[PDB]
Every structure is written in structure tokens, then in C-alpha cells.
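> Going down the list, the sequences are from chains Q, s, A and t.
Heads up, PDB author numbering is the position in the first sequence plus 2, with the first residue counted as 1.
Heads up, PDB author numbering is the position in the second sequence plus 1, with the first residue counted as 1.
Heads up, PDB author numbering is the position in the third sequence plus 167, with the first residue counted as 1.
Just so you know, the fourth sequence maps onto residues 99 to 160, 179 to 238, 262 to 309 in PDB author numbering.
Positions of the beta carbon are idealized from the N, C-alpha and C atoms, including for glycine.
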Amino acid sequence: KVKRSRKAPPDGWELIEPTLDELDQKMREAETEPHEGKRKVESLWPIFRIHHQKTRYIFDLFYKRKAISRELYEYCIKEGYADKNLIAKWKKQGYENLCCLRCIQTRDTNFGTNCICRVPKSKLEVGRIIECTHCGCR
Amino acid sequence: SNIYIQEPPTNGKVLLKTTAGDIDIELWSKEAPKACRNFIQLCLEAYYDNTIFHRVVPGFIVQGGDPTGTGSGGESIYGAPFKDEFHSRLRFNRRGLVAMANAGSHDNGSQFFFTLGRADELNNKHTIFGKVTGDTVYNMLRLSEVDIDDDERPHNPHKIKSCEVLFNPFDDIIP
Amino acid sequence: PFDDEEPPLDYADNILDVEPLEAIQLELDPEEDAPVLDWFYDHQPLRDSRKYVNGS
Amino acid sequence: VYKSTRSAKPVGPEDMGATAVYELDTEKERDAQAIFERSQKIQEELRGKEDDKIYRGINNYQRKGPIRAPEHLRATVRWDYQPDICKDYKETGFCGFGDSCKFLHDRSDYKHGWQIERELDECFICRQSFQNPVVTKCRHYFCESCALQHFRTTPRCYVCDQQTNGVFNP
RNA sequence: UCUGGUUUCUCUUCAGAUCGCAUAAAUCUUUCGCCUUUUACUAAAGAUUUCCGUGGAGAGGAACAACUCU
RNA sequence: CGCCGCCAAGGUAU
Ligand SMILES: [Mg+2]
Ligand SMILES: [Zn+2]
Ligand SMILES: [Zn+2]
Ligand SMILES: [Zn+2]
Ligand SMILES: [Zn+2]
Numbered sequence: 003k004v005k006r007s008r009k010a011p012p013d014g015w016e017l018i019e020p021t022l023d024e025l026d027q028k029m030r031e032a033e034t035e036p037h038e039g040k041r042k043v044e045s046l047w048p049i050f051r052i053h054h055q056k057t058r059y060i061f062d063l064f065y066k067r068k069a070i071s072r073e074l075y076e077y078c079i080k081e082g083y084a085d086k087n088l089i090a091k092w093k094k095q096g097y098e099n100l101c102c103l104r105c106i107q108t109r110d111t112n113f114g115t116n117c118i119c120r121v122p123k124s125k126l127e128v129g130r131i132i133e134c135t136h137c138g139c140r
Numbered sequence: 002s003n004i005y006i007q008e009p010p011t012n013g014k015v016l017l018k019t020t021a022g023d024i025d026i027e028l029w030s031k032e033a034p035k036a037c038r039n040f041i042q043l044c045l046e047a048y049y050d051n052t053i054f055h056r057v058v059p060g061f062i063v064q065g066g067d068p069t070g071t072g073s074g075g076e077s078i079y080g081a082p083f084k085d086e087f088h089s090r091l092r093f094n095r096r097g098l099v100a101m102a103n104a105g106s107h108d109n110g111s112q113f114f115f116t117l118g119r120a121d122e123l124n125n126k127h128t129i130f131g132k133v134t135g136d137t138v139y140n141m142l143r144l145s146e147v148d149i150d151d152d153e154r155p156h157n158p159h160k161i162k163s164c165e166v167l168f169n170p171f172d173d174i175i176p
Numbered sequence: 168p169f170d171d172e173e174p175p176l177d178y179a180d181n182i183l184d185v186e187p188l189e190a191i192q193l194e195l196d197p198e199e200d201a202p203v204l205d206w207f208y209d210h211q212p213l214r215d216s217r218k219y220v221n222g223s
Numbered sequence: 099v100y101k102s103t104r105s106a107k108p109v110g111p112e113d114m115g116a117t118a119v120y121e122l123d124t125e126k127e128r129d130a131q132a133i134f135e136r137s138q139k140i141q142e143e144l145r146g147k148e149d150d151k152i153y154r155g156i157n158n159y160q179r180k181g182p183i184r185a186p187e188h189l190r191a192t193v194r195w196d197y198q199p200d201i202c203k204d205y206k207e208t209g210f211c212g213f214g215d216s217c218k219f220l221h222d223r224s225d226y227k228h229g230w231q232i233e234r235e236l237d238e262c263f264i265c266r267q268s269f270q271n272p273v274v275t276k277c278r279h280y281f282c283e284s285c286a287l288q289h290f291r292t293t294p295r296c297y298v299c300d301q302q303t304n305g306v307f308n309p
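1) What are the uninterrupted segments assigned as alpha helix (DSSP H) that are 4 or more residues long and contained completely in the region 73-139 of chain s, given in chain order?
2) State the DSSP-derived secondary structure class of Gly229 of chain t, mapped to helix, strand or coil.
3) Would you report the Cα separation of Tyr100 of chain t and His159 of chain s, rounded to the nearest angstrom?
4) Beta carbon of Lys14 of chain s, beta carbon of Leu144 of chain s: below 7 Å?
5) Are the beta-carbon atoms belonging to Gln7 of chain s and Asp215 of chain A less than 7 Å from one another?
6) Just to confirm my understanding: we take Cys164 of chain s, look at its own chain, exclude 5 residues before and 5 after, and list those with CB closer than 6 Å. What are they?
7) Are the Cβ atoms of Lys31 of chain s and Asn51 of chain s separated by less than 7 Å?
8) So the candidates are A:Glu172, A:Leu213, A:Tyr219, A:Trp206; which of them puts its Cα closest to the Cα of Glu194 of chain A?
9) For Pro186 of chain t, I'd like the list of residues in its chain whose CB is within less than 8 Å of its CB, leaving aside the five on either flank, ordered along the chain.
10) What does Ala106 of chain t reach in chain s if we use C-beta pairs closer than 7 Å?
11) Using a C-beta to C-beta distance shorter than 8 Å, which residues of chain s count as neighbours of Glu186 of chain A?
12) I'd like the ranges of any alpha helix (DSSP H) spanning at least 4 consecutive residues and lying wholly in the region 4-58 of chain Q.
13) Name the two residues that bound the continuous alpha helix (DSSP H) containing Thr292 of chain t.
14) Determine the direct distance from the alpha carbon of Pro34 of chain s to that of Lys132 of chain s, and round the result to whole angstroms.
15) From the DSSP output, read off the bridge partner residues of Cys164 of chain s.
16) In angstroms with no decimal places, state the Cα-to-Cα distance between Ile89 of chain Q and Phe61 of chain Q.
17) If you count every other CB in all the chains shown that lies within 10 Å of the CB of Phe54 of chain s, and 16 or more means buried, which is it?
18) Could you say if the region 114-129 of chain Q and the region 79-88 of chain Q meet the contact criterion of at least three C-beta pairs nearer than 8 Å?
19) Under 7 Å between the Cβ atoms of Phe113 of chain s and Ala104 of chain s?
20) Identify the continuous alpha helix (DSSP H) that holds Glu76 of chain Q and give its terminal residues.
21) How is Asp204 of chain t classed by DSSP in three states: helix, strand or coil?
22) Among t:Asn158, t:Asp150, t:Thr117, which has the Cα closest to the Cα of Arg136 of chain t?
23) Sorry if obvious, but does the Cβ on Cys117 of chain Q come closer than 6 Å to a heavy atom of ligand 4?
24) Alpha carbon to alpha carbon, what distance is there between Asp113 of chain t and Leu220 of chain t?
25) Specify, as a first and last residue, the run of the alpha helix (DSSP H) that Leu100 of chain Q falls within.
26) Is the number of C-beta pairs between the region 87-105 of chain Q and the region 129-137 of chain Q that are closer than 8 Å three or more?
27) Would you kindly work out how many angstroms separate the C-alpha atoms of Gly14 of chain Q and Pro9 of chain s, rounded to a whole number?
28) In chain s, which residues lie less than 7 Å from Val306 of chain t when you measure between Cβ atoms?
29) Would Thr52 of chain s pass as an interface residue toward chain t - the criterion being a Cβ-Cβ separation below 7 Å?
30) Strictly under 7 Å for the Cβ-Cβ distance: is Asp170 of chain A near chain s by that measure?
31) Which residues in the same chain have their Cβ closer than 8 Å to the Cβ of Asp25 of chain s, if we skip the five residues on either side of it in sequence?
32) Hey, is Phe213 of chain t close to ligand 5, as in C-beta under 6 Å from one of its heavy atoms?
33) How would you call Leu204 of chain A, buried or exposed, if buried means at least 16 neighbouring beta carbons within 10 angstroms?
34) Are the region 67-86 of chain s and the region 107-121 of chain s touching by the rule of at least three beta carbon pairs closer than 8 Å?
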């Protein structure tokens with residue numbers, strides 16, 4: 003695959019290589035299929051979901067578990083297996099169960115506000131199974 | 002020149018011997034990993050010995066890969082049939098192509114077919130995973146005789162006597 | 168390089184895993200090109216270094 | 099049967115057509131530009147010699181002409197379907213311009229290319268069995284007793300009322 | 001002992017400096033050269049803009065902001 | 001001391 007860093011990266015990359023390879027294969031399988039049945043945007047939900055779970059895997063691999071080093075963490079950010087600005091949003095106090103970056107953009111919404119995905123369910127009304135049209139669910 | 006072969010380059014080649022002659026099938030292992038994997042595995046298991054060609058539609062298709070000879074016997078080495086793997090550069094615009102035979106959804110096993118012409122009705126429906134090197138395509142053009150007795154299954158169908166593997170990437174084992 | 172009635176190669180499943188072969192990549196020897204050896208072939212020559220460049 | 103060579107190399111070149119040579123005309127060392135270059139060169143070398151009569155060839159007694185094709189190129193071909201036909205001379209027989217019209221003056225109304233393209237893509264009287272089927276003067280195959288009862292009805296035939304004239308044969 | 005700040009992202013007008021150590025097109029008004037009428041034109045001057053970028057300035061954050069210039 | 005490299009509307013009616 004494309005590595006674009008000529009690094010021959012250090013430890014530990016051999017233990018995350020088949021896991022992230024399987025996540026890349028499932029991301030290709032979520033990219034490949036046609037849009038029949040999936041209406042307009044719900045074919046675009048699982049690629050956001052799998053990038054979220056890949057970034058969360060690197061997130062609790064480095065911050066929570068403290069097993070992988072900082073150099074290979076910055077390497078995985080620089081290559082494309084993780085984000086740089088999204089983990090800075092996960093670093094903040096009030097939220098780390100975030101969907102993706104399309105609910106924080108207050109001018110993506112024409113009414114000048116955040117989405118309904120970033121709302122606590124206990125203060126929202128009781129039974130509604132609402133899902134974000136930009137991000138996918140909550 | 003202006004011939005424009007219009008196909009991605011191949012990787013991996015196998016030899017297949019029938020009573021009609023020798024066929025050197027070269028595969029697209031990169032553009033179709035699982036189908037080529039199943040094909041090289043069933044060639045390495047010597048699974049296609051005594052396998053006959055049970056369906057001939059002249060000018061359109063000639064089907065093989067059935068150890069039973071009825072048109073429904075297909076057993077992959079995966080336990081379950083695998084997915085369809087399509088490509089925009091791999092279409093049915095010519096003869097000499099090899100594709101897994103399908104019956105609707107993601108159902109592909111040992112059951113495959115050679116092409117005999119223009120097959121535009123099969124586009125985005127079957128998994129192309131290989132072609133045949135020319136100077137040997139007439140050994141499979143001898144497979145299309147009008148001796149069929151029915152829509153399929155002629156009198157004496159040709160059988161595969163051996164299946165050699167000339168190049169073998171992603172090393173596998175027979176079980 | 169490619170004929171008519173052909174889509175432009177569909178860069179999702181063609182060469183996404185294919186590595187490039189080789190660029191020009193002139194071999195610089197050490198002890199004569201030693202300060203420039205680490206960064207002469209880099210799309211950003213100096214970007215994340217406040218000693219030589221301004222910034223990003 | 100066509101036996102194979104048993105090799106791992108594929109069917110053709112590795113570049114898949116990236117070095118098309120376009121050798122339709124005369125090749126590089128034999129082209130007229132190369133002949134003119136050789137003639138010009140040997141006229142540049144032999145200068146102090148004054149008629150040494152080894153004569154060197156035909157053109158050497160003392179890049180224009182056939183110019184070399186670009187070897188790295190196919191010409192971008194287009195199908196010029198549109199004809200220039202004198203319609204008023206074709207379907208009518210009199211063009212108003214006479215010989216001053218720029219078009220063809222053709223009258224062959226044959227098929228064009230696109231038309232070929234979109235054409236290539238696609262007893263009885265009693266209604267019983269033949270109880271002795273027997274004939275009359277005028278081919279009318281009747282029965283025996285049924286035609287006897289028919290003659291008892293009318294002296295003529297049944298299909299076209301032909302004059303049987305008492306003539307009834309097998 | 002007190003004094004205490006480089007980058008990145010968004011508005012804010014001024015530009016008179018080879019604003020850019022280089023340099024595109026269009027319009028008008030004239031002179032030409034191909035020209036049948038015109039758009040495509042030729043190439044010189046005069047004067048306007050458009051456009052790819054740039055210069056210094058007011059704020060709001062964030063990025064090691066606490067390393068430390070003072 | 002070495003110009004010059006060409007498209008279309010103008011015609012087979014509405
Ligand atoms: Mg007029
Ligand atoms: Zn969220
Ligand atoms: Zn999201
Ligand atoms: Zn949302
Ligand atoms: Zn005319």
C-alpha cells in the first residue's frame with residue numbers, strides 16, 4: 003500500500019498492521035458498494051463510522067493504554083490512519099463520544115447552531131430514534 | 002499504434018490441460034484477490050481433475066468448474082460463497098475471459114465460465130478474475146461445438162486432466 | 168495514453184495500493200552535501216523547524 | 099492442439115502500449131530525411147577532393181521532401197459522416213446553380229455509414268372421410284355415393300358449377 | 001526583586017515600494033499588415049480595468065505557552 | 001541579419 007514516508011517505522015507497528023489492514027479492507031468494502039437501497043447519505047455513513055472507529059482505536063491505544071510510543075502515534079497521524087484536529091476535539095473535557103467533525107461546524111447549519119446529534123438524550127424527549135443526516139446516528 | 006488493449010496488467014499464471022489442448026490462464030490477483038485465491042487453491046488441490054464442461058452457449062459462454070455435471074455443484078475453500086469483486090476496466094467486451102458463474106447475489110464458488118464473444122448482458126453481474134494468453138485461445142475455442150443435444154450438456158464433454166501452477170503469489174496450503 | 172469510450176481509470180480500485188516505481192532521485196554523497204542531505208528530496212524542505220523557516 | 103511455452107511472463111510488453119512505435123511509413127535509418135542527412139554529411143566531408151570518381155552513390159555527384185512521421189503519436193481520427201451532395205440534383209435532376217455549385221452533383225442514393233450501423237445491430264361436401272376419393276373433369280375430388288347423390292340433386296358440380304356432362308371418373 | 005510571547009486559522013482598511021528581481025488576457029480610441037462581410041486576427045503607441053499572487057494593520061481563539069526575549 | 005503555420009456563419013429551405 004501507499005506509505006508515503008519511506009520510514010520503515012519502529013515498534014510497535016507489526017502488532018497493529020493486521021488490525022489496521024483489516025480496518026482498511028473493511029473501509030474499501032464500505033467504499034465499494036453501490037447506492038441502491040441506501041437513500042442519499044446513508045451509504046456515506048459507514049465510511050465516517052469506520053474512520054471514527056479507526057481514530058478511536060489509535061486514540062485509546064495511545065492515550066488510554068499508553069502502550070504505543072509518541073513517534074509512531076505522530077507517524078499514524080501523519081500517514082492518514084488518524085486525524086490531527088479531531089483528537090484535539092476529543093481532548094476537550096465535555097465530550098469524547100463524538101460522531102465526526104460535521105456537527106461542530108456552526109456555519110454548516112444555516113440556522114447558526116449545532117446538530118441534534120450533539121444533544122444529551124436524557125434532556126431530549128423520550129422516544130425518538132433520530133439520526134444525523136451528516137454523520138449517521140446518535 | 003492505436004490498438005489500446007484497455008485492461009490492467011496481470012499477475013500470476015496457471016496452466017490447465019484438457020483433451021482439447023493446453024490453456025495458460027493469467028489472472029488479475031491485485032484487482033480480484035479472493036476469486037483468484039479460490040482459483041489457485043482449487044488448482045493446487047487438483048480439484049478440477051475429471052471436471053467436465055457442462056454448458057456450451059456458442060458465441061456467448063462455455064461453463065466449467067462443476068465436479069457433478071449438473072450446473073449447481075460448487076464448493077469454495079472458504080466454507081461459504083464469497084463477494085462480487087467488480088472493476089470498471091474489466092468488462093465483457095471480448096472473448097477469452099474467465100469469470101465466476103453467479104446466480105444473483107454474492108454466491109461464487111468453484112463454478113466459473115470462459116467467454117466466447119461480446120457479453121454486455123453480463124456486465125456488473127460476474128467477477129472477472131483472469132484471461133487466456135493468445136496462441137492458446139483456440140484450445141478453448143475448440144470447446145464450442147454444436148453437439149449439445151439440449152441447451153447444454155453435449156455428448157462427450159471435455160475434461161480437465163491436470164492443473165499446473167506456473168506462478169503462485171500469497172502462499173497457501175491444500176487444506 | 169488511453170482510448171475513447173473509456174472511463175478515466177477509476178482511482179478507487181486500480182492503483183490505490185500500487186506504489187510508484189522511482190523518481191529521478193540523484194544520489195547525494197555525504198561530507199560534501201551533508202547539511203542538505205536530509206531534506207533535499209522532500210515536498211516541504213523545511214516546514215516544522217522554527218530555526219530556518221517561518222512556519223506552515 | 100496448440101501447446102504452450104510454459105513461461106511466467108505475460109502475453110505481451112510490460113508497458114502495455116506506452117511505447118507505440120508507429121512504423122507505418124519508412125523507418126528511421128532508411129527514411130528520405132536520413133538519406134538527405136547522409137548526403138549532406140558526405141558533402142561536408144569531401145571538400146578537398148575534386149572528382150575522385152568513386153562516385154559514392156546516385157545523389158552524391160556534387179530535411180525537406182518526404183518528412184519523417186512522429187513515431188510517438190497516433191493521429192486523432194474523427195468520422196466525417198456529413199456528405200456534400202447536390203440534393204436538388206440528386207432527387208430532382210436540376211440544380212439551380214448549374215456548374216457553379218460547390219457540391220458534388222451525385223445521384224447515387226445508396227446507404228450511408230450510420231444506416232449500416234443501425235441496420236447491422238438488429262371430403263368437404265359431407266365433411267366425412269375419403270370414401271373412394273374420385274375426380275371430375277376439373278380436378279374436383281369427390282366421393283362416390285356422395286357425388287351420386289349430388290348428381291341426383293343437381294347435374295352440375297359443387298365448387299364452381301362446372302358442366303359435368305355425365306362424365307365422372309376416378 | 002518587579003517587568004513577561006513565536007506560529008496557525010477567521011474580518012479590517014490603507015496600498016505607491018522592480019506592490020511581483022516575472023508578466024497573462026480583454027475593452028476603447030488611433031495607426032498598420034493579411035482582408036469580402038464579420039467574429040477568430042497581425043503588432044506598435046496612448047489609457048483603463050479584469051484576473052493569479054503579495055506588502056502593513058485593528059480583533060478573536062487555538063497550537064509546549066510558560067520556554068523565557070525584556 | 002532568415003516573414004509566414006486558420007476556425008466558423010456565408011447552401012441543400014421552414
Ligand atoms: Mg450579410
Ligand atoms: Zn458527535
Ligand atoms: Zn459523525
Ligand atoms: Zn448530527
Ligand atoms: Zn448543387
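Well, looking at it:
1) none
2) Within the fourth sequence, the letter at position 113 stands for residue 229 of chain t. Helix.
3) Mapped onto the fourth sequence, residue 100 of chain t falls at position 2. Mapped onto the second sequence, residue 159 of chain s falls at position 158. When rounded, the distance between both Cα atoms is 16 Å.
4) Along the second sequence, one-based indexing puts residue 14 of chain s at 13. Along the second sequence, one-based indexing puts residue 144 of chain s at 143. Contact flag unset, no.
5) Here residue 7 of chain s corresponds to residue number 6 of the second sequence, with the count starting at 1. Here residue 215 of chain A corresponds to residue number 48 of the third sequence, with the count starting at 1. Against a cut-off of 7 Å, the Cβ pair of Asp215 of chain A and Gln7 of chain s comes out as no contact.
6) Mapped onto the second sequence, residue 164 of chain s falls at position 163. Taken in chain order, the residues that qualify are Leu17, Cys44, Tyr49.
7) As a working mapping, residue 31 of chain s is identified with position 30 in the second sequence. As a working mapping, residue 51 of chain s is identified with position 50 in the second sequence. No, they are not a contact pair.
8) Here residue 194 of chain A corresponds to residue number 27 of the third sequence, with the count starting at 1. Answer by Cα proximity: A:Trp206.
9) Here residue 186 of chain t refers to the residue found at position 70 when the fourth sequence is read from its first residue. Excluding positions up to five away in sequence, the list reads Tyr120.
10) One-based indexing of the fourth sequence puts residue 106 of chain t at position 8. By Cβ distance, chain s contributes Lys14, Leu167, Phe168.
11) Position 19 of the third sequence, counted from the start, is the residue given in the question as residue 186 of chain A. In chain order: nothing, as chain s lies at least about 12 Å away.
12) 19-34
13) Residue numbering aside, residue 292 of chain t sits at position 153 when the fourth sequence is read from its first letter. Looking at the DSSP string, the run of the alpha helix (DSSP H) that includes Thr292 of chain t is 284-292.
14) Here the question's residue 132 of chain s lines up with position 131 in the second sequence. Here the question's residue 34 of chain s lines up with position 33 in the second sequence. Distance between the alpha carbons of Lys132 of chain s and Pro34 of chain s is about 15 Å.
15) As a first step, residue 164 of chain s must be located in the second sequence, where it is residue number 163. Its beta-bridge partners are s:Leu17.
16) Taking the first sequence and counting its residues from 1, the one referred to as residue 89 of chain Q is at position 87. Taking the first sequence and counting its residues from 1, the one referred to as residue 61 of chain Q is at position 59. Taking the straight line from one Cα to the other gives about 8 Å.
17) The sequence position of residue 54 of chain s within the second sequence is 53, counting from 1. Its Cβ being crowded by 16 or more others within 10 Å, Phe54 of chain s is buried.
18) no
19) Here residue 113 of chain s is taken as the residue at index 112 of the second sequence, counted from 1. Here residue 104 of chain s is taken as the residue at index 103 of the second sequence, counted from 1. Against a cut-off of 7 Å, the Cβ pair of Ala104 of chain s and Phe113 of chain s comes out as no contact.
20) To locate residue 76 of chain Q, count along the first sequence from 1; it is residue 74. Where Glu76 of chain Q is concerned, the enclosing alpha helix (DSSP H) stretches over 72-81.
21) By one-based count along the fourth sequence, residue 204 of chain t stands at place 88. Helix at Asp204 of chain t.
22) As a position in the fourth sequence, residue 136 of chain t is number 38, starting the count at 1. Minimum Cα distance to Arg136 of chain t is reached at t:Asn158.
23) Locating residue 117 of chain Q in the first sequence gives position 115, where the first residue counts as 1. Yes, since a heavy atom of ligand 4 falls inside the 6 Å radius drawn around the Cβ of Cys117 of chain Q.
24) For the purposes of this step, residue 220 of chain t is taken as the residue at position 104 of the fourth sequence. For the purposes of this step, residue 113 of chain t is taken as the residue at position 15 of the fourth sequence. Taking the straight line joining both Cα atoms gives about 47 Å.
25) The residue you call residue 100 of chain Q lines up with position 98 of the first sequence. No alpha helix (DSSP H) contains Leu100 of chain Q, which DSSP labels as neither H nor E.
26) yes
27) In the first sequence, counting from the first residue as 1, residue 14 of chain Q sits at position 12. In the second sequence, counting from the first residue as 1, residue 9 of chain s sits at position 8. Looking at the two C-alpha atoms, the distance is approximately 35 Å.
28) Within the fourth sequence, numbered from 1, the residue matching residue 306 of chain t stands at position 167. By Cβ distance, chain s contributes nothing, its closest Cβ being about 57 Å from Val306 of chain t, past 7 Å.
29) As a first step, residue 52 of chain s is located in the second sequence; it is residue number 51 there, counting from the start. No, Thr52 of chain s does not count as interfacial toward chain t.
30) Taking the third sequence and counting its residues from 1, one reaches residue 170 of chain A at position 3. True, the Cβ-Cβ gap to chain s drops below 7 Å.
31) As a working mapping, residue 25 of chain s is identified with position 24 in the second sequence. Same-chain partners within the cutoff: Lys14, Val15, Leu16, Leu17, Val133, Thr134, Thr137, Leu167.
32) As a position in the fourth sequence, residue 213 of chain t is number 97, starting the count at 1. Yes, Cβ of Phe213 of chain t sits closer than 6 Å to a heavy atom of ligand 5.
33) If you number the third sequence from 1, residue 204 of chain A lands on position 37. That one is exposed.
34) yes
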